[PDB]
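Residue numbers (the entry's author numbering), protein chains in the order written: chain f, 78 to 149; chain M, 10 to 132.
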Amino acid sequence: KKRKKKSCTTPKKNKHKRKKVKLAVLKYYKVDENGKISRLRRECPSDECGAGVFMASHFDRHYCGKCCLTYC
Amino acid sequence: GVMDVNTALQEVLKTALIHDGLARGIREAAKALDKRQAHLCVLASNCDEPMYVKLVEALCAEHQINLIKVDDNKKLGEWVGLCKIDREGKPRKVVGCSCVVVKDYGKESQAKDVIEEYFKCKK
Ligand SMILES: [Zn+2]
């Protein structure tokens, strides 16, 4: 027997393309004229995610991308 | 000592490469500074982002961590090791680096001594 093609489905299921963000580090901190640094993004309460692993400021929740911890 | 001050950083950077104690890039450097596992930092004077410089300087100052200035980012990256060696030996492929953090020192007395003396002279 020979293989039939039968090539007809949903036209194209596209693969997710990751967003390109330029200098995402900067938006985590705010700076005053005196030289102070204030951390805009909350720091996760987990063990590993304690100092530099910031959370996500979603419109109705806080989400840590490294351990999937979620808060209201 | 015999080695020059500006040329003595290569030994420390190479030994941190060998012992895996380098945080490269602004994000990794900032994360290491927040973790305060950093020992010293290296900054590139030649850059087009004043906010980059302000953030790195403020993070270094508010974490009482010494800072070093370098002429250009391409030489900084060549020191760091993000390059490939040609048959002759020159690094045709260089990717510049704007900020570096040394997490673990290399077990070299001569390389650390000159940098510590320079930092004490600055203070
Ligand atoms: Zn977390």
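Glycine is no exception: its CB is placed at the ideal position from the N, C-alpha and C atoms.
- Residue-level contact by beta carbon holds for M/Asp43 and chain f, with a gap shorter than 7 angstroms.
- When the alpha-carbon of M/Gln73 is set against those of M/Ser54, M/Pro100, M/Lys84, M/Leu42, the nearest one is in M/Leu42.
- Listed along the chain, the chain M residues whose CB falls inside 9 angstroms of the CB of f/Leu103 are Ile35, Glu58, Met60, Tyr61, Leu64.
- In terms of Cα proximity to M/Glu71, the closest of f/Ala133, f/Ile114, f/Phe131 is f/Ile114.
- In this chain, M/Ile77 is not harboured by any alpha helix (DSSP H); it is covered by the beta strand (DSSP E) spanning 75 to 79.
- Contacts with chain M at 7 angstroms (Cβ-Cβ) do not include f/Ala133.
- Annotation: the continuous alpha helix (DSSP H) that includes M/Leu18 extends over 18 to 28.
- The continuous alpha helix (DSSP H) containing M/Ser118 extends over residues 118 to 131.
- Taking the beta carbon of f/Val108 as reference, the chain M residues within 9 angstroms of it are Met60, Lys63, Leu64, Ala67, listed in sequence order.
- The continuous stretches of beta strand (DSSP E) do not include M/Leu64, which lies in the alpha helix (DSSP H) extending over residues 59 to 71.
- If you check each beta-carbon in the region 106 to 130 of chain f against every beta-carbon of chain M, the ones closer than 7 angstroms belong to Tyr106, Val108, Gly112, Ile114, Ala128, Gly129.
- Nearest CB-CB separation between M/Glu125 and chain f: not below the 7 angstroms threshold.
- Residue selection by CB proximity (closer than 6 angstroms to any heavy atom of ligand 1) returns f/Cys121, f/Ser123, f/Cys126, f/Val130, f/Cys141, f/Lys143, f/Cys144, f/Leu146 in chain order.
- Sequence-distant Cβ neighbours of M/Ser107 in its own chain, meaning closer than 7 angstroms and more than five residues away, are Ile35, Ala53, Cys56, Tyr61, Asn82.
- Boundaries of the beta strand (DSSP E) around f/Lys107: 106 to 108.
- Here the C-alpha atom of M/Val110 lies approximately 12 angstroms from the C-alpha atom of M/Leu26.
- Interface flag for M/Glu20 against chain f is unset, since no Cβ pair is found closer than 7 angstroms.
- Straight across, the Cα-Cα distance linking M/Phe128 with M/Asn75 is about 7 angstroms.
- Of all alpha-carbon atoms in M/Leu18, M/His48, M/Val14, the one lying nearest the alpha-carbon of M/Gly30 is that of M/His48.
- Annotation: Cβ neighbours of M/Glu71 in chain f (cutoff 9 angstroms, chain order): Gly112, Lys113, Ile114.
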